Every structure is written in C-alpha cells, then in structure tokens.
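To find a chain, count down the sequence lines: A is the first, B the second, and so on, and within it residues start at 1. Numbering of ligands and ligand atoms starts at 1, following listing order.
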Amino acid sequence: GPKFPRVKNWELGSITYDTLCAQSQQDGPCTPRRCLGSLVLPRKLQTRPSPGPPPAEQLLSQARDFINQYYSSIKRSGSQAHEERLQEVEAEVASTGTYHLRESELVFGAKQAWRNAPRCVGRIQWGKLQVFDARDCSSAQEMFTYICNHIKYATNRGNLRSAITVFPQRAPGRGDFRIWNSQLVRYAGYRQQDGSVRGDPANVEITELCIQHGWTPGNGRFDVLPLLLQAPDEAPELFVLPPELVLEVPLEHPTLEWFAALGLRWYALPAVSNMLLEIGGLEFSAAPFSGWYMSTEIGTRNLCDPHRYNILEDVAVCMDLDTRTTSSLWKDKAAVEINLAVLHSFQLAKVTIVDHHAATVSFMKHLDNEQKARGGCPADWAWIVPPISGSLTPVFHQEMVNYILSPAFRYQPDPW
Amino acid sequence: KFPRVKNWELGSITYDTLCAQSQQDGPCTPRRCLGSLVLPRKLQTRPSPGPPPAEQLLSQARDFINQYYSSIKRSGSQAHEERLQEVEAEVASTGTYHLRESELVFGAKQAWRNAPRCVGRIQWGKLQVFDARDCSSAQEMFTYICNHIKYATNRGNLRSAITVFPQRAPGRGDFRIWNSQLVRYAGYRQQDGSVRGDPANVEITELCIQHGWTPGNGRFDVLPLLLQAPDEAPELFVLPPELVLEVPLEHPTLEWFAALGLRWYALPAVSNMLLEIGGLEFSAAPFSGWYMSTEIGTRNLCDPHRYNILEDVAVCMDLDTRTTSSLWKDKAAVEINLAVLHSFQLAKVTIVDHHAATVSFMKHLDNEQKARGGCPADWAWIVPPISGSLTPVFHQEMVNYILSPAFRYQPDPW
Ligand code: HEM
Ligand code: HEM
Ligand SMILES: NC(=[NH2+])NCCC[C@H](N)C(=O)O
Ligand SMILES: NC(=[NH2+])NCCC[C@H](N)C(=O)O
Ligand SMILES: [Zn+2]
C-alpha cells in the first residue's frame, strides 16, 4: 500500500502511515544492516564546537527551510512577505555569514523544537510554551537574572508553567553563551574517601567543577548546586540560587508513616540547561527549558537507578521484604511505594506533577492529533514507555517511528 | 563502523564487531528508525513455488557449512572440503540440498543464539534437537509433537526442545502447524463482540471449529492442533489432557486470589515461526523452553487486548480505581506476577522471574562479547513489561541485527 512506514497499535489493532518522516533532512544512527535505536548518545546530532563559520551554502538552505516552515504555519506560503523574508535572510547571510530571527520566528521555532523532540512524552502541551527572549543578554551576571526570572515564572508557587529562555545564538569566531550545569536545579554529588558518593552520583563532575571555581561545598545528600554561567570568551562565573526561588518537596508516603523519616526530597522544577536549540541553522547554545515532572522520573529513575540515589534496598528493608531473593519481587514492591510517595508528596504540597498513566494517555491523544496535523509524530519508544509498569500503559502497545526534524534540541559537548 | 555500546549503570563500554557478519537487512534506515515494529513490512518470507537462485542458495549454504566445521574445530579439514563439494553437487543437480543431523543440531542452537528478542539465550547451548524430517503425514506430525511435549514438560522440570519437520520444497506446499503455540487457550467471540477466553486466539479458535472441533465455553479451554501436510487441508488433533500440564494460580497471602479461577499452561512453545539454516527453510519447527513469570502475569493476563484482569484484581484488593495516580494498576500487576511465581514454584514447574532472567542475560552478553565480539539484542523485547529500569538490561545499550541461522516470522497458512 502506501510507501511510508506502516505503524500499528496492537491494543486497538489500528493502523497509520507516517508520512512526516519524509520531511526529515537529518540522518539518525541506524542502517539497514543494524539498528542503533537504543543508544542514548549516538554520534549523530552531536553539535560539535564548529569554530569556522558554517558553510554559507549549508546554512542558507537550512534557513530557507525554516522560513518556509514559518510562513506555512501562518498560512502565507508563497506570499510577498514570505519571498521578501527569504531574500532578507540570504542577503544578511551574504554580507555577514549568519542571520537573525524575528521575535515571532523564535517563538514558533522554540515550540517546534519541543514539538519535534522524540523523547518527550509531554508534547501534548507543546503549544503552550512561554518563550522568554533573552537574545540581548550580554553578561554572565545578566544570565543569572534571566535564569532567576525563568525559575520564578515557571515555578509559579507550585502551579508550574512551561517555559524556555533563549540566550544569544552562536557567532562566528566568538565564544558561546553556556550553562555548564546539566539542569538549572541539581543536587550535589560528593565523592567520598572510600570511593562512594554522597548525594547524586550523576552530578559528581559538575560538583567538582563548582568547587574548582570557588564554591564552598556542603556535605548533604540534597544540596542545591550553584550555577556556572559563561558569557562569550570569559571563564564561567559562579552564582548561588536564592533558596526562596528553589521550591522543593519533602517526600512522605500516604500510609507508610516511616517513609517521611527517610528525609528524601526532590525539587519541583525540571529545567534541562545543557541542550542546544537549533533553528534554521542558527544555534542557540544556551536555552534552558522547563516543564513539570512525570512521577517516574523522580520515583523510579532518580531515586532507584543503580547509579543514582539507589534507595531501593533501604525502602525494601523498611517494608520488611525478602531482599535475599529475586522471586519475592521486593524491588517491584518498593519501587511502587516510592513512586506513590512522590505522587503523594507533590499533590499534598500542591506542586504540579503527572503520573505515568495520565502522562502516556495524554501522549496517545497527542499522537492522534499529530497524525491529523502532520501525518505522523517522531517518537523514541524506549524513552516514551515508563521505567515501571511499561505494558500497563497504552504507549507500550503503540509502534513508533523515530527520526530527526528541525527545529530541534540536540545534545552538545560540555564546554570544559 | 563498529558501534560503541555503553552500559550506563557501570560506565563500561564495548564495540560490536559481530554486527559486521550480518548479511540480512532490517527495517531501519538513516532517515528513520523502525526498530519498535513487531512484524517486518517486507522482510517477510515469500513463497517457495520456484527454486531460489543457485548462487544465492549456494553461498548461504557454503557459509553455514563453514560455520559448522569451524564450530567443531576442523576447518580446511578433508571432511570440510568434501562436505562443501557434496553441497555444491547437490545444489547444481537438484536446486537444493539437505543437512546432516549434526549440522541441523548445530544450526538450531545457533538460530536460538542469534534470536535478538530472546532473553533466555544463556541456555542456548542446552537444546534438545528432535530430527523429524522423516515425517510424511499430519498424523505423524501429531505423534512427533506429542513426544516433544512429553520430553519438554518432564513432569514440571522443563527442558528446552525443538522439533524440526521437513524443510520447504520448490513448488510443493509447506508442512505447517497452524497454531501459533502448541498449547493455547481458545478465544470465543460472544454476542456483544466481547470475547470469552484468550482474545489473541479468536481466529485460530474459529478455524478449528470450522474444521469440526466441538468448542467449549470456558476461559482456559486448551485448543486442539491443526496440523497440515503438504498441499492437504489441515487435520484436527486433540492433545491428551495428561500431556498438557497446567498451573492453577493462587496468591501467597491473598486467600481470595485463587477464587478467580485463573490458570496457565507450563509449556511455552512457539510453533508458527520459520527456521532458516544455510538457505534451507523449515516451515514447521516448534520450539520451547520455560516461561519467564512476566510473560504470564504481565502480558498474557494484564494486556488490554488479552485477559485484561487488572481491574478485577484491583477491586478484590479494594484499590482506589478512581484515579490513575493511586497506582492501583501497578499494585495489582505486582501481585498477579507474584501469584504466577508462587504458583509455579508451588507446583514445582520451571519458571524464572524477570530479575533472575535479565541478570542471566547480562552474563550472556559478556559470554558472547568474548566469544563472538557482540550479541544482537532488541532492547524493547529484552526489557521486561514491568519494572524495566529496575532490571540491569534496561541500562545496557544494545545493537540489533540479523544473523543466520535464524528464526523468522512467516505468513499464516490460510
Ligand atoms: C510539560 C511537561 C513535560 C513533561 C511531562 C515532559 C516529560 C518528559 C520526560 C518523561 C522526559 C524523558 C525523561 C528521561 O528519561 O530522562 C522528557 C524528555 C525531553 N523533554 Fe519533555 N516534558 C515536559 C516539558 C518539556 C519542555 C517544556 C520541553 C522543551 C521546551 C521538553 C523537551 C524535552 C526533551 C528535548 C527531552 C529529551 C531530553 C534528553 O534527551 O535527555 N520537555 N520530557
Ligand atoms: C529456556 C528458557 C527460555 C526463556 C525463559 C525465554 C524467554 C523469552 C522471552 C521473555 C521472550 C520474549 C517473549 C515475548 O515477549 O513474546 C522470548 C522470545 C524468543 N525466544 Fe526465548 N526463551 C527461552 C527459550 C527459547 C528457546 C529454546 C528458543 C528457541 C529454540 C527461543 C526462541 C525465542 C525466539 C525466536 C523469540 C522471539 C519470538 C518472537 O519473535 O515472537 N527461546 N524468549
Ligand atoms: N519533566 C521533564 N521536563 N523532564 C525533563 C528531564 C528531567 C530528568 N529526567 C530529571 O529527572 O531531572
Ligand atoms: N519463554 C519463551 N520461550 N517464550 C516464547 C513466547 C511465549 C509468549 N511470550 C507467551 O506469553 O506465551
Ligand atoms: Zn533502528
């Protein structure tokens, strides 16, 4: 039949064809010989620091592509404003090597990038992103102000709002604007004497970086890291977030009274800050974005991963389960309760959060929407299906096609 | 070239060089990954009314023959050369060839070893291989199948096994087991479109009735087999109740669980897949091992399109099924998987939980890394349907590709 991937939902037995992938202009990591879909960091999108100005020819075509995308979204493709804008871009690139985006173009692209992210199960909210334009920012100090405003507006006292702050794009020769931290809010990872780690093992390197840069470390298991903001061609400066801006939620269980005694907690705002936002060729090296958590992110990955807090065994001992044999499913039991606790503690503190059931159901709706609007929706199965109760969610039974569309968020090399 | 594979829990890394030996193509392309698809769009297995290109078959054959002799440490040996000539000669004169028992045995085990979606491959070396090529009738197939089931079951102490019927032949119909598994529960469509029993077996359950089977009306009615001899309407055979071992499900502490009347068979034996060795195709080659608890407790019993018992258990556990956030669903799934493990252990029937299983698979990955330089794996299928990140495989990147000998999906014979 149709010459496009045939996708099936085994729960409903329904079929669809992804024609949207035909618009992908960027190759992924797979080949007919072998599939590399499970790789986290496939050396593909990897936006390596490219000092020498981008091939005006390559950039121009990427630019003409985005502009077409923009005028199309406003239903003026082929119009006078469209062709003139197209001329304006080529002109500007002709005499400067690069070009700039209009305000409304940035807003559109930022949303498309989110809309195009294959690993985000929260894309049903893609149309409501609040885009803060910070392309005027000229200092690491100013960056801190923008970030603080971002956190304030986004946190909104527990009633979270999606947002993204876009700092200056990359300029030929000049240094990039960068946020060294992986997230605006992260807990410290202190390497111990015996070799173990106190806090979040994931953040050991950045913790040692803040220290090498003048940060007086604490010694807790949940210390909020300071920010390492870097303006063009300068060494990063250190900024400490005002405690009042960083909303946190103590974790307690709805019925296991002892859970609260564990002293576990998590912050409310998930703000990825080390990803590159690419729009029409232009590269925004610093554009932290944030939404709200899906409970398994905290309860299953962050708190139970072997290489993170790894609290599975402690909670199992507390529930008095048989941690000496796998068939007792002690891991599965403790994981459930830990997840439930996160859901309970966030609801109680009136802080926005969504469970994996509600979340995936909403993504199914998002898929049905995009099927009609764009002919498909790029999705990374391994990242869409929740870390616990996979086949209990409807996404598990939905086949998915993964591919890269632009605008887009890409991983980028650490500045150091 | 060779993919760098990382394990995010240990920070360890490896390079898959085995994928280079892949001669067959998957559905992926650089433009888009289609790895999450269950069935191939084109990678099917087209009819065999005409003989395959001698050069194509001959090369697949030589390669396999090379694999065999290398396995027994006698490459370039005299026997190796003479065997290659035997194959050449047979192909050139008849358009095909035949395998010798030992080669068949080596092939079957390799097919399992190369199965990307199988998590139990650490056991790949211990496979009992029944040569059933000396078969010429559906009734003979039935006897063969009954012996496989007897041996495989072994009073609850399961043993991996496979039975290989006659290979496919040009212009001649295929020997086929119409059933997807040797043991399956009927699926009866009722008035309001709903289904009594296993919804996944509605179609096969119907074909059986159509061929004269007196259907039952239960939720776990073991279906009969529809065996087909070349170019002959399939025949109906009823499995001797004593041969089909079953496990009644109860819960270690929830006394009421058993009152649900849930049960499941002990033998997981896929029978609709095709076994390809050195270009030869075996359309009927049922194989079996032993279940991993989540296959029953999570997928078969809790899938929406299966027995979908999640809510019933939830109500009995008196859970708040008003909102998703109460995780009533996750809580019930865990007890259902627990009952499966409890029951099977209580009935002294082989079974492996998903934690033990994945740990064993990691070991296998290592054994294979050193033994062949890689191991083709399909992440979505290796990672359990529940508690994924709670198992080690979740955190292990994987490369997936097609190696031969291999098990492949083939068209439904009707
Ligand atoms: C509104 C609520 C949102 C929810 C529930 C949601 C949820 C998720 C989850 C569960 C992940 C994967 C978690 C993991 O395995 O690490 C994720 C990844 C991602 N999300 Fe969203 N998201 C939301 C908002 C945002 C926003 C506002 C943006 C962009 C402007 C966004 C962009 C992305 C990207 C790029 C990734 C993948 C990042 C990576 O590869 O590590 N998300 N999201
Ligand atoms: C010894 C115990 C075994 C265990 C515990 C085991 C476990 C598994 C599991 C969990 C799956 C995924 C099932 C699904 O989600 O549908 C699977 C798939 C598979 N296994 Fe095994 N396996 C075992 C033995 C065998 C044997 C003996 C063979 C072959 C000789 C085999 C061949 C395969 C194949 C071909 C698949 C993929 C089936 C498909 O594509 O639908 N397995 N196995
Ligand atoms: N809900 C989100 N926007 N999540 C983005 C990724 C957050 C990451 N998984 C974390 O646990 O911090
Ligand atoms: N352990 C196995 N060999 N399983 C093969 C597939 C069985 C199938 N998943 C079932 O639930 O019946
Ligand atoms: Zn792929």
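Using a 4.0 Å heavy-atom cutoff, B:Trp290 is listed among the residues neighbouring ligand 4.
Below 4.0 Å from some heavy atom of A:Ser162 lie the following atoms of ligand 1, by number and element: 1 (C). Using a 4.0 Å cut-off to heavy atoms of B:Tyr291, the atoms of ligand 4 that qualify are 10 (C), 11 (O), 12 (O). The contact set between ligand 1 and A:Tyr411, taken as ligand atoms under 4.0 Å from a residue heavy atom, comprises 39 (C), 40 (O), 41 (O).
With a 4.5 Å cut-off on side-chain heavy atoms, A:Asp200 and A:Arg308 count as touching. Side-chain contact between B:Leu310 and B:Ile336 is present, with at least one heavy-atom pair separated by less than 4.5 Å. Here the side chains of B:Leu267 and B:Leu245 are not in contact, with every heavy-atom distance at 4.5 Å or above. Between B:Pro384 and B:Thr298, the closest side-chain pair of non-hydrogen atoms is not below 4.5 Å.
By the criterion of a heavy-atom distance under 4.0 Å, neither the backbone nor the side chain of A:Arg123 is placed next to ligand 1. Contact annotation for B:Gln181 and ligand 4: only side-chain heavy atoms (C-beta onward) come within less than 4.0 Å of the ligand. Of the heavy atoms in A:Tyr293, none comes closer than 4.0 Å to ligand 1. Residue-level proximity to ligand 1 for A:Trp292 is carried by backbone and side chain together, each with a heavy atom below 4.0 angstrom.
Side chain to side chain, B:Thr163 and B:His148 meet the donor-acceptor criterion of an N or O pair below 3.5 Å. Side-chain contact, B:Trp264 with B:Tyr185: no donor N or O sits under 3.5 Å from an acceptor N or O. Checked by atom type, the side-chain pair A:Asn181/A:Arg186 shows no donor-acceptor distance below 3.5 Å. A:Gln183 and A:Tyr267 are linked by a side-chain donor-acceptor pair at a separation below 3.5 angstrom, with hydrogens and angles left out of the test. Side chains of A:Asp18 and A:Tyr403: a donor-acceptor N/O pair is present below 3.5 angstrom, by distance only.
Distance from atom 14 (C) of ligand 1 to its nearest protein heavy atom, with residue and atom name: A:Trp383 CZ3, 3.6 Å. Nearest protein neighbour of atom 7 (C) of ligand 4, counting heavy atoms only, is B:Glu295 OE1, 3.0 Å. Counting only heavy atoms of the protein, atom 37 (C) of ligand 1 lies nearest to A:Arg119 CB, 3.9 Å. Scanning all protein heavy atoms for the shortest distance to atom 11 (O) of ligand 4 gives B:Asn300 ND2, 2.8 Å. Looking at atom 26 (C) of ligand 1, its nearest protein heavy atom turns out to be A:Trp114 CE2, 3.4 Å. Looking at atom 42 (N) of ligand 1, its nearest protein heavy atom turns out to be A:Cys120 SG, 3.2 Å. Scanning the protein heavy atoms around atom 38 (C) of ligand 1, the nearest turns out to be A:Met275 SD, 3.8 Å. Closest to atom 9 (C) of ligand 1, if we only count protein heavy atoms, is A:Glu297 OE2, 3.8 Å. The closest protein non-hydrogen atom to atom 32 (C) of ligand 1 is A:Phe289 CE1, 3.5 Å.
At the Zn ion (ligand 5), the angle from SG in B:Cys28 to SG in B:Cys33 is 110° when rounded to 10°.
To the nearest 0.5 Å, atom CG of residue A:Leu36 and atom OG1 of residue A:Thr31 are 7.0 Å apart.
For atom 34 (C) of ligand 1, the choice among A:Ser290, A:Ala113, A:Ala117 with the nearest heavy atom turns out to be A:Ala117.
Cation-pi geometry between A:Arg161 and A:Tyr153 is met: under 6.0 angstrom from the ring centre, within 45 degrees of the axis. Because its NZ or CZ atom is both nearer than 6.0 Å to the ring centre of B:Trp8 and within 45° of the ring axis, B:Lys6 counts as a cation-pi partner of that residue.
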